[PDB]
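The chain below stands alone and is given in structure tokens; this is the form deposited in one PDB entry.
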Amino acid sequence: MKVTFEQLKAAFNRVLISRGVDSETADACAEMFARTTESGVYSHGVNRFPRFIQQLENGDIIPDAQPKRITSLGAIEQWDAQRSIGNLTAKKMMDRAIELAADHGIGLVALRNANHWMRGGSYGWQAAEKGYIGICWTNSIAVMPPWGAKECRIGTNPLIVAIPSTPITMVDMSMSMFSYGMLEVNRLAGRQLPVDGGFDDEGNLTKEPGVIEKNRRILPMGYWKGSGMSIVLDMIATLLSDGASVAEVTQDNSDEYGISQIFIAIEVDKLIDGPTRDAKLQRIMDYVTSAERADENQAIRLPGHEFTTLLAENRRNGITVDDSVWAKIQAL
């Protein structure tokens, strides 16, 4: 299904408004969903919209709710999302971390009682666009079994790190090898995973998206490493925000809401000259892309650079949205 940016945003806005969402609020939220999609993020973009509306209709999200600062300690601030829309609030919280960084060199915003932020990379990116280094992560409801377990007691807790390079270089990675959104992406494309993504019915590792989605025995990135990192990320998000951890959300909430997120921005321009910054970054990037290809028919690519190329491709040939997903939205 080929659709234009305008078409996609229209569909998002209509559904939002029909659900009782404020005017400008629906338009703001719809904008982010369409932007994330046009940038090449379908998993946490258009494909996640249906699930988003569901949680909104269930009351998990409070449309008119707004972020409220709780504690101000210089470069550090603790905020209460008040169960407001995840992507709109996150965008605002990362913008605050940036403001703090502009004055303290570094800014950290710890947010509790938040809702799923959709694409964590959105915030890392907005930081990098402003010339800052962007770092953020979130916790979630138990959807991953810690290494050694078969029951979910850990979160996917995506970690984002973005650099103000040209093009912008950025990682946005789930602690699970494949986030659930990417498992769906592969299933919708009718393909199997390129590497192990989980375990089957109490068995060995499998590459079948569907099987993993059902039993939820999703494989942690790097086994014990991803599992471990997820846990420490949850701890930091829980402590600094004095909010709910993966355990608290999974045991005290009906669904995935009231989660904790961390937003960091680090000023660069005062530590290194602009020309030199661009020069050293270029050296690193060329050193990577000029490497010996493992497959001559496959150019080497820097993390996050597809968000620049895919965007150019989309604003030219239009946006391809999975038919089942589009039909799902239209049905709304």
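Residue numbers here begin at 1 and follow the sequence given. We call the rigid core the largest set of C-alpha positions that still match within 1.5 Å between the two forms.
**Q** Looking only at CA atoms, which has the higher mean B factor in the entry: 75-83 or 237-245?
**A** The stretch with the larger mean CA B-factor is 75-83.
**Q** Hey, which bit's got the bigger mean C-alpha B factor in the entry, 252-260 or 123-131?
**A** Per the PDB entry, the higher value belongs to 252-260.
**Q** From the list 47, 282, 39, 297, select the residue with the highest C-alpha B factor recorded in the entry.
**A** That would be 297.
**Q** Whose C-alpha has the highest temperature factor in the PDB entry: 62, 265, 268, 302?
**A** Going by the entry's C-alpha B-factors, 62 comes out highest.
**Q** Mind checking which third residue 207 falls in for C-alpha B-factor across the chain?
**A** Highest third, going by the recorded CA B-factors of the chain.
**Q** Going by the CA temperature factor in the PDB record, which third of the chain does residue 26 belong to: lowest, middle or highest?
**A** Top third by C-alpha B-factor.
**Q** Lowest, middle or highest third: which one holds residue 91 when the chain's residues are ordered by CA B-factor from the entry?
**A** As the PDB entry reports it, the C-alpha B-factor of residue 91 lands in the middle third of its chain.
**Q** For residue 276, return the chain-relative third of its C-alpha B-factor as stated in the PDB record: lowest, middle or highest.
**A** It belongs to the middle third of the chain when residues are ordered by C-alpha B-factor.
**Q** What third of its chain, lowest, middle or highest, does the C-alpha temperature factor of residue 32 fall into?
**A** Residue 32: CA B-factor falls in the middle third of its chain.
This protein has a second form, the form deposited in another entry, left out of what is shown; the following refers to that one.
**Q** In a fit on the core, which one among 258, 164, 181, 228 has a Cα that moves 2 Å or more between the shown form and the other one?
**A** Residue with a C-alpha shift of 2 Å or more: 181.
**Q** Please check if residue 99 moves between the shown form and the other one, taking a CA shift of 2 Å or more relative to the superposed core as movement.
**A** No, residue 99 moves less than 2 Å.
**Q** Align on the rigid core first; then say whether the Cα of residue 131 has moved by at least 2 Å between the shown form and the other one.
**A** For residue 131, whose C-alpha is compared between the shown form and the other one after core superposition, the shift is less than 2 Å.
**Q** Once you line up the core, how about residue 153: does its CA shift reach 2 Å between the shown form and the other one?
**A** No: residue 153 shifts by under 2 Å between the shown form and the other one.
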